[PDB]
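Trainee: After the structure tokens below, expect a handful of questions from me.
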Amino acid sequence: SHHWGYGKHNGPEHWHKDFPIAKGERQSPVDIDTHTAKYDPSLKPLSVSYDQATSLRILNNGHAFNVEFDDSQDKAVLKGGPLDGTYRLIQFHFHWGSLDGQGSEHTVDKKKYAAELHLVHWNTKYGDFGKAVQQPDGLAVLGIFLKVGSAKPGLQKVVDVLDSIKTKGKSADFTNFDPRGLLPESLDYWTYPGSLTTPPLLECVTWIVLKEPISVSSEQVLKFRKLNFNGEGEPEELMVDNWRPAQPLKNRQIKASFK
Ligand SMILES: COc1ccc(/C=C(/C(C)=O)C(=O)Nc2ccc(S(N)(=O)=O)cc2)cc1
Ligand code: NA
Ligand SMILES: [Zn+2]
């Protein structure tokens, strides 16, 4: 079994030994150079259709926490933008820092945000998530930056359940959560082909990173930082700095939906 994490001894600089694709040609995240990203008038609008989203459960997996959805039908889907066909929401999670000046995976002109939300979707032409991750167009991840300022009201139900999933392997029922409450006003975005940002680092993702961050309060992000990487009864390792740094862009172009 693999034993990867975010520490000195098991962090991103070590991942290539068990996961050689870590040094591949389409790794994520990347720095978004806003001056070199080109407006693409060919991009179709972006369609976030979350009205029928069915959340089920929240899980501390020892790396982050996942809010899991019922993806047995087209209940919550992402379409349009750079995407061909229909991508079904399966889970969302965050990456965050030990302090407000770091935590995001993507950077914008080298700026790090306090955290980054990833809404993970799979291409329904491949029938299940496990088949989709084996395809270069298998996943679409919608990335949203978090900055610290005013509270995000739609985030508070997530913040309030974290005390019940403090340690690795703990889960709690998490029904009737509306992910529309985590979006900013604007759907302007950057897009590029990349990878999962954690092992197994598969090169199966179309990244869609929104330009407009959401604001969350200091109190909300402080509660993320009280989670634990460790299991119950084990020495406490606070769940902080669960982000991979920017990877080489190589032969890729970042496209902007906006001028
Ligand atoms: C054989 O391949 C795989 C087998 C299982 C999984 C399992 C997942 C879990 C934990 O449910 C999963 O969804 N992983 C995931 C990791 C990073 C991102 S991210 N940061 O790039 O958005 C998004 C999603 C993934 C691949
Ligand atoms: Na299915
Ligand atoms: Zn992620």
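To match Swiss-Prot, the residue numbers of chain A are left as they are there, and the shown ones run 2-260.
The deposited model was determined using X-ray crystallography, 1.3 Å.
For all residues, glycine too, the Cβ spot is worked out from N, Cα and C.
According to Swiss-Prot, the protein has these features:
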- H64: active site, proton donor/acceptor (ACT_SITE)
- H94, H96, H119: Zn(2+) binding site (BINDING)
- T198, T199: substrate binding site (BINDING)
- 3-259: domain 'Alpha-carbonic anhydrase' (DOMAIN)
- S2: phosphoserine (MOD_RES)
- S2: N-acetylserine (MOD_RES)
- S165: phosphoserine (MOD_RES)
- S172: phosphoserine (MOD_RES)
- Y7: site 'Fine-tunes the proton-transfer properties of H-64' (SITE)
- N62: site 'Fine-tunes the proton-transfer properties of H-64' (SITE)
- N67: site 'Fine-tunes the proton-transfer properties of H-64' (SITE)
Trainee: Round to the nearest Å and give the CA-to-CA distance linking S2 (phosphoserine) with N62 (site 'Fine-tunes the proton-transfer properties of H-64').
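Mentor: Cα of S2 (phosphoserine) to Cα of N62 (site 'Fine-tunes the proton-transfer properties of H-64') measures 15 Å after rounding.
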Trainee: I need the nearest neighbour of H119 (Zn(2+) binding site) among the recorded positions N67, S165, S172, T199, using C-alpha distances.
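Mentor: Result: the closest of the recorded positions to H119 (Zn(2+) binding site) is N67.
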Trainee: Pop the Cα-Cα gap between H94 (Zn(2+) binding site) and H64 (active site, proton donor/acceptor) into the table, whole Å please.
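Mentor: Per the Cα atoms, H64 (active site, proton donor/acceptor) and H94 (Zn(2+) binding site) stand 10 Å apart.
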Trainee: In terms of DSSP three-state secondary structure, what is the assignment for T198 (substrate binding site)?
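Mentor: In the DSSP reduction, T198 (substrate binding site) maps to coil.
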Trainee: State the three-class DSSP label for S172 (phosphoserine), counting H, G and I as helix, E and B as strand, and everything else as coil.
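Mentor: Looking at the DSSP assignment, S172 (phosphoserine) belongs to a strand.
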Trainee: State the Cα to Cα distance, in Å, between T199 (substrate binding site) and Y7 (site 'Fine-tunes the proton-transfer properties of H-64'), rounded to an integer.
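Mentor: Between the alpha carbons of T199 (substrate binding site) and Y7 (site 'Fine-tunes the proton-transfer properties of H-64') there are 10 Å.
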Trainee: Of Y7, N62, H94, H96, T198, which recorded positions come within 10 Å of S172 (phosphoserine), going by C-alpha to C-alpha distance?
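Mentor: The recorded positions passing the 10 Å Cα test are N62.
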Trainee: Here are the recorded positions: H64, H96, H119. Which has the lowest count of other Cβ atoms within 10 Å?
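Mentor: Least crowded of the recorded positions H64, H96, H119, by Cβ count within 10 Å, is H64.
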Trainee: Out of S2, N62, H94, which of the recorded positions is least crowded by other Cβ atoms within 10 Å?
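Mentor: Counting other Cβ atoms within 10 Å of each of the recorded positions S2, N62, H94 gives the minimum at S2.
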